[PDB]
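Undergrad: Below: the sequence, then the experimentally determined structure.
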Amino acid sequence: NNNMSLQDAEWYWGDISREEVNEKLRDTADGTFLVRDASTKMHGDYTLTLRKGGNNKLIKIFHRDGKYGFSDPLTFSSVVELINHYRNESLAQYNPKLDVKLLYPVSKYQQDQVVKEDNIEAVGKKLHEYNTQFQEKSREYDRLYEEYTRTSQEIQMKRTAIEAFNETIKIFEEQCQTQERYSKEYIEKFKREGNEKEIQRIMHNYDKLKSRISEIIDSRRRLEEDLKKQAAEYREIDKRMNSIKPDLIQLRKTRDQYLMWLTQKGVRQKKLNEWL
Amino acid sequence: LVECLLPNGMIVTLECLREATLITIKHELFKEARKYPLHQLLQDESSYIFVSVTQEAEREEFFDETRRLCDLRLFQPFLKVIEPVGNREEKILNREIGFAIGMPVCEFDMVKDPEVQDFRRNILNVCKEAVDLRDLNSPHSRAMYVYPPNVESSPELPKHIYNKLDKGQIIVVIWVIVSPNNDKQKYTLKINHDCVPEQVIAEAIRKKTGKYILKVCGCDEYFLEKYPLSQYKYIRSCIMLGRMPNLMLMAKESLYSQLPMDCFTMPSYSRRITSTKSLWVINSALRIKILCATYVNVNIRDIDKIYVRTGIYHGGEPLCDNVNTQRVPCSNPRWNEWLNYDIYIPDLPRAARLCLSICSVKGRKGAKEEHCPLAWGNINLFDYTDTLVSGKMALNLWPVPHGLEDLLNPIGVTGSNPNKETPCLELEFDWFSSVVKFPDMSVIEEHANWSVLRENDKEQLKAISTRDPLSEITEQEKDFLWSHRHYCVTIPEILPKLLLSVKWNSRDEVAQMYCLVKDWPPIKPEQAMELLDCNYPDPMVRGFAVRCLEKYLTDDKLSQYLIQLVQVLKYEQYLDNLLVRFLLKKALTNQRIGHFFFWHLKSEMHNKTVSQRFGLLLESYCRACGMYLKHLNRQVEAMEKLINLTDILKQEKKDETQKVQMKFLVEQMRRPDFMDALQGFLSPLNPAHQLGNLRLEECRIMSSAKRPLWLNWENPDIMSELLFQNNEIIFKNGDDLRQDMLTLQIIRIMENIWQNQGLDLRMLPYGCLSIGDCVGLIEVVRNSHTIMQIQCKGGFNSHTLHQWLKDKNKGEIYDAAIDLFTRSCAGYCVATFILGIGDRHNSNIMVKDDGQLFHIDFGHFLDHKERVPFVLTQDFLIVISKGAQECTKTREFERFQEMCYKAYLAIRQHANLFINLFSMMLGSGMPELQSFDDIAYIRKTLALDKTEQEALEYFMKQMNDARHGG
Ligand SMILES: Cc1c([C@@H](NC(=O)Nc2ccc3c(c2)CNC3=O)C(C)C)oc2ccc(F)cc12
């Protein structure tokens, strides 16, 4: 019949934690599901988790008097019966607000065959070839992250000095226009006696003001040289991380899939830290 | 040389010294103007001030001429001379407030955002209702504000404390230094433990033969409130250790004359200041347009496509499916695509958001399209005035929190990255021909009053109400709860469960809950603190979880639960909410709260996501605190000196040996400006101790990892010998200290439960405090040695710790240095197990003076997260079994295991409270407390899926596996 034992249910996982079911129903299409043993451990509860639109729904499978189901009238034989009944029927039978059908089961033989090197002799060597690089994406990613967070600390300082020079340079120019107000009628037009004090008084005072107002503008224009050289390099190190972060996500799916295929399912070793 | 800018178009080059004040630079300035041309149009020195730019690029003017040259923080040495403008003292106060909070007050005026500007003018009646309360009945009311009673919430005593009082009698030493030539007449009394502080003094004057106040000798704590003397944390903690309480009678007027009358004045901005459709009338889906990304930073030859993933959330949970956009190429990121959502407009909840992002599709590997986010950003859908956003909008995008792999960041902060060199993203929302509001609470309690017998299964309600907040919840139970919602008002501790069952994307569920929370009976404030984490974002829930704090939380507990009440301000969405009107009305009536209120906010102003709502909140405290702002300024300048001095060691002197560095340190500290800021100020670790004259012979550079800094002060009190007589502190620059600040707060809450049960287990939760970004203060404990030091001296053997502890005390007291090594070697094992601590060895274990067994260095607790079993080393067993050869069957430690069992259980009947403190800390930004996936190990060590008798058997198996485990 279609009533088999849940020991061979490919969608059946059994004894795993709530925090590993969450990253198996993460960003997946609706009607994705699996069944595992309850956490309260009554030996035969088998909770069900359903992914209906973002959220992970969680459904109970009661086990009174050798019968199965969701409601009080438990009227099914096995979970392989109850799970196959809803892989082609709608869950709106039980819940009018849960019109979903158990479409995509989360298998486990799907990724156990993706592994290669059937003999264990190549498993330890196809393993050490994938832990030298994941332990290199560790260093290669933090060598180019402090250099990122550091340069972000420098741009915020240089960008503040420019608000310093844009204030200073405006404090000098506000005097050249108020200097000219006085210098035209109070001390030179009234002093028309052919004296040379104006060449020493205003001609030697107005010159040092103009040798300062431009003297500061030559350092604001100079400060922005390294700010532009630095804001450009801040994007070059922000682009190098993006070409490294996704490849740093794949090597964490290849080591763990080689630390489980034979490294633990083939043996329960405390020998983990020499065959890596 | 300084260049001055005169008021008549002149310029003078004046030679200066780096200690001159503004007068000696100004009154001498106008005497130099004689030898320059237009000297007769100038005026006298009066009616003129300076103005200049500082390190913060501010146009500050100097009304305070008593300041000196180096104290100004100029950018280049120039000046200007004008006449004054504005209010005179207001310009002086706004410079104080800006030095405390670390940023100019003028910055908060160039913010055009109308949300930032109605907080500032309406918060000022919380800063005013306090000041009309700290000064109602003076000088007495002003007294309790500055030195508030340090009492315990529970009047009555445990049973292991009432035993040490023979017939309820205490022996206290009432010093009386009233001789005009400062001579001391100590007394001694035998009085009860339930005596008010106005009867301890009412009878110490008939011994001698009124109008006085008591005080703790050595650290100026005061007994001003009419409580039972045994309820203060000084009296109550002497009866435990069997020591003698040393008081000192004083006169009131000697206290009231150090309370300078301060005032509060409304700031400058105090006086600077139709046809609506409800949301329940619109009929449409929710559609949002995506125009273009201004620019993104991804390589060309690596990434293929990019898209913008979006979602509509209500506090961590999606209200509908997630929508994507098409995969445009890297070079031309423009979409112009309307996206449509399967949510109905009147079915949007008041606290809904929009969480979007920009991901990249590498692919090219079978069907393995590996997605990876590039940026993120959240935005509210409603407004602080109850108004749905309807228009166009830009949004700069934050960086992805590195360590996070999810494609959206629902937990982040809703706002725009104030940096401008960031990937921008234009949006556009849909216009509905007018403003669309949210319904008021009188048109919502009719939609529910319109859409509207015991039982036998009351046991399943109780069985769920008493469950873990991190425990499972099934679809069958959520419908069981919501159906029986009109009977959950008899089991009020179930409300955090009845809210995860309601569905927030349907406005008949929500409209019926509001009429249910409006009459809910109040909860204990130990339970109404779960309703403030990142899972209960509604504004009627969070306004219920704050009327329960404000009448059932005491200042004792608030002081203990303040590191988490400052983290749930980052979980808020608006600025003028009800949690901030509560934590501000408290910091303005208790300088003990306000001291740590300040330093917790100030410690994280360097983080750009929170740096604008804290700064607005500091500025409102610093403006109504009063006289205490002067002490905070003197504390900030002290740490500023220390941060600078340590940088030179970390950058310039970071390559030669310690010979040159310890001489450079005494060379730098002996300097007459460093020496004047580092003396005469209160302590950041404790506002009741007050530092004093530094000791250059005592201060030294330490040879630890980062090479921190040892510092020794001196108690300037006149009876500092009775209490301790030195303050020692570590200063660290380069190590984050929030991992430990929380580790030491659990240890301090564990020990407080044990003490009330009747179990006299003794921890030592010493002080710790982070002041800024990777910089903090580490308190030092006096007369204590690490196990490594005590054993390396005695040269392998396993009786060294017993020989040492036997030498250091012997005779009639040897039965107390073994009773105390056991009452504290148990507590620090039923605590380093429940919290999965496994980083323990000799160098971080310390036995104090009489065998107290002290744990230290809770910093590398993580960095590897099978499990962490237990320790119970062999040489700690010999000290428990009194040095006997065979310790495994000794009779003395069978009451040892009996007191570890009573401890493990009492921390298990209070496992919810420990769960509701790691969850209030998830959006803190700490890199190892992010999601509930990290607070999972609490349930595997407390055995929360098992039952009680099965839990105890789990721990007895754990001890025996390590009692002889290697
Ligand atoms: C973290 C952390 C805790 C939790 N403790 C652990 O998670 N311990 C642990 C460490 C390593 C391993 C394990 C367990 C298991 N397997 C490992 O390798 C509590 C809540 C259980 O409490 C804190 C308080 C303040 C703070 F800053 C951080 C923390």
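TA: Nice, I can see it. Residues are numbered from 1 along each chain as shown, chains lettered A, B, ... in the order given.
Undergrad: Pull out the buried residues from whichever strand or helix holds residue B:161.
TA: Assigned by DSSP states H and E, residue B:161 belongs to helix B:159-162. Within helix B:159-162, the residues scored as buried using 16 or more other CB atoms under 10 Å in any protein chain shown are residue B:161. For every residue, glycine as well, the C-beta is placed using N, CA and C.
Undergrad: Show me what that helix packs onto, helices and strands only.
TA: Helices and strands touching helix B:159-162, by 3 or more CB pairs under 8 Å, 6 or more residues apart in numbering or on different chains; DSSP states H and E, are helix B:235-241.
Undergrad: Quick check: next helix or strand after the helix it packs on?
TA: By DSSP H and E, the next helix or strand past helix B:235-241 is strand B:246-248.
Undergrad: What lies in contact with that following strand?
TA: For strand B:246-248, the surrounding residues in contact (CB atoms under 8 Å, 6 or more residues apart in numbering or on different chains) are B:172-177, B:200, B:214-218, B:719, B:722-723.
Undergrad: how distant is that strand from the center of its chain?
TA: 33 Å (CA atoms, centre = their mean, to the nearest Å).
Undergrad: Can you name the element that comes right after it?
TA: The helix or strand immediately downstream of strand B:246-248 is strand B:250-251, counting by DSSP H and E.
Undergrad: mind checking how far the helix or strand just after that next one is from the chain centre?
TA: As assigned by DSSP H and E, the chain's next helix or strand after strand B:250-251 is helix B:253-256. Distance of helix B:253-256 from the chain centroid (CA atoms, centre = their mean) equals 33 Å.
Undergrad: buried sites along helix B:253-256?
TA: So for helix B:253-256, counting by 16+ other CB under 10 Å, buried means residue B:255.
Undergrad: next one: the helix or strand following it to chain centre, how far?
TA: Where DSSP H and E defines the elements, the next helix or strand beyond helix B:253-256 is strand B:276-277. Strand B:276-277 has its C-alpha centroid displaced from the chain centroid by 42 Å (CA atoms, centre = their mean).
Undergrad: Mind giving me the packing neighbours of strand B:276-277?
TA: By 3+ CB pairs under 8 Å, 6+ apart, strand B:276-277 packs against strand B:435-436.
Undergrad: who's in contact with the strand it packs on?
TA: Contacts of strand B:435-436 (CB under 8 Å, 6+ apart): B:274-279, B:282, B:387-388, B:390.
Undergrad: Identify the neighbouring strands of it in the sheet and state each direction.
TA: With DSSP bridges as the test, strand B:435-436 is paired with strand B:276-277 (parallel).
Undergrad: the strands in chain A, which residues?
TA: Using DSSP state E, the strands assigned to chain A run over residues A:12-14, A:32-36, A:47-52, A:55-59, A:104-105.
Undergrad: And the strands in the stretch 551-700 of chain B?
TA: Under the criterion DSSP state E, counting those that start in this stretch, the stretch 551-700 of chain B contains no strands.
Undergrad: now the helices for it?
TA: B:555-560, B:578-587, B:591-602, B:615-621, B:629-651, B:658-669, B:674-677 (DSSP state H, counting those that start in this stretch).
Undergrad: Same list, those, but as a markdown table with distance to residue A:235 and mean neighbour count please.
TA: Converted to a markdown table, the helices of the stretch 551-700 of chain B look like this (distance: least, CB to CB, whole Å; neighbours: other CB atoms under 10 Å in any protein chain shown):
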| stretch | distance to residue A:235 | mean neighbour count |
| --- | --- | --- |
| helix B:555-560 | 47 | 16 |
| helix B:578-587 | 38 | 19 |
| helix B:591-602 | 33 | 21 |
| helix B:615-621 | 29 | 21 |
| helix B:629-651 | 27 | 16 |
| helix B:658-669 | 39 | 14 |
| helix B:674-677 | 42 | 15 |
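Undergrad: Out of those helices, flag the one nearest residue B:307.
TA: Taking CB to CB, helix B:615-621 is the member of those nearest to residue B:307, at 36.1 Å.
Undergrad: Quick one: neighbours of the closest residue to chain A within the stretch 551-700 of chain B, just the number.
TA: In the stretch 551-700 of chain B, the residue found nearest to chain A is residue B:608; the distance is 9.2 Å by CB to the nearest CB. Counted with other CB atoms under 10 Å in any protein chain shown, the neighbours of residue B:608 add up to 13.
Undergrad: That one against residue B:418, yeah?
TA: Yes - applying CB atoms under 8 Å, one finds residue B:608 in contact with residue B:418, separated by 6.6 Å.
Undergrad: quick one: contacts for residue A:272?
TA: With CB under 8 Å, 6+ apart, residue A:272 has these contacts: A:259, A:263.
Undergrad: Could you measure from it over to chain B?
TA: 10 Å (CB to the nearest CB, to the nearest Å).
Undergrad: need the contact list for the one residue sitting closest to the centre of chain A.
TA: By CA atoms, centre = their mean, the mean C-alpha position of chain A lies nearest to residue A:245, the distance being 8.8 Å. Contacts for residue A:245 (CB under 8 Å, 6+ apart) come out as A:141, B:372.
Undergrad: For residue B:662, give its distance to the ligand.
TA: For residue B:662, the distance to the ligand equals 33 Å [CB to the nearest ligand atom, to the nearest Å].
Undergrad: Double-check that residue against residue B:701; I have them as touching.
TA: Yes - Residue B:662 is within contact range of residue B:701, at 5.5 Å (criterion: CB under 8 Å).
Undergrad: Among the contacts of strand B:246-248, which one lies nearest to residue B:493?
TA: For these, the closest approach to residue B:493 (CB to CB) belongs to residue B:216, at 39.4 Å.
Undergrad: ok, the nearest residue to residue B:9 once chain neighbours are set aside to residue B:40 distance?
TA: Nearest residue to residue B:9, sequence neighbours excluded (CB to CB, 6 or more residues apart in numbering or on different chains): residue A:179, at 2.9 Å. The gap separating residue A:179 from residue B:40 is 16 Å, by CB to CB, to the nearest Å.
Undergrad: Tell me the residue in chain A that is farthest from the middle.
TA: Outermost residue of chain A with respect to the C-alpha centroid, by CA atoms, centre = their mean, is residue A:193; its distance is 79.6 Å.
Undergrad: Identify the residues contacting the residue of the stretch 151-276 of chain A found nearest chain B.
TA: Closest residue of the stretch 151-276 of chain A to chain B, CB to the nearest CB: residue A:179 (2.9 Å). Contacts here follow CB under 8 Å, 6+ apart; on that basis residue A:179 touches A:206, A:209, B:9.
Undergrad: how about the residue lying closest to residue B:76 once chain neighbours are set aside, what does it touch?
TA: Excluding the flanking residues, the one nearest residue B:76 by CB to CB, 6+ apart is residue A:168, at 6.6 Å. Counting by CB under 8 Å, 6+ apart, residue A:168 touches A:216, B:53, B:75-76, B:78.
Undergrad: Out of those residues, which end up buried?
TA: Counted by 16+ other CB under 10 Å, those give A:216, B:53, B:75, B:78 as buried.
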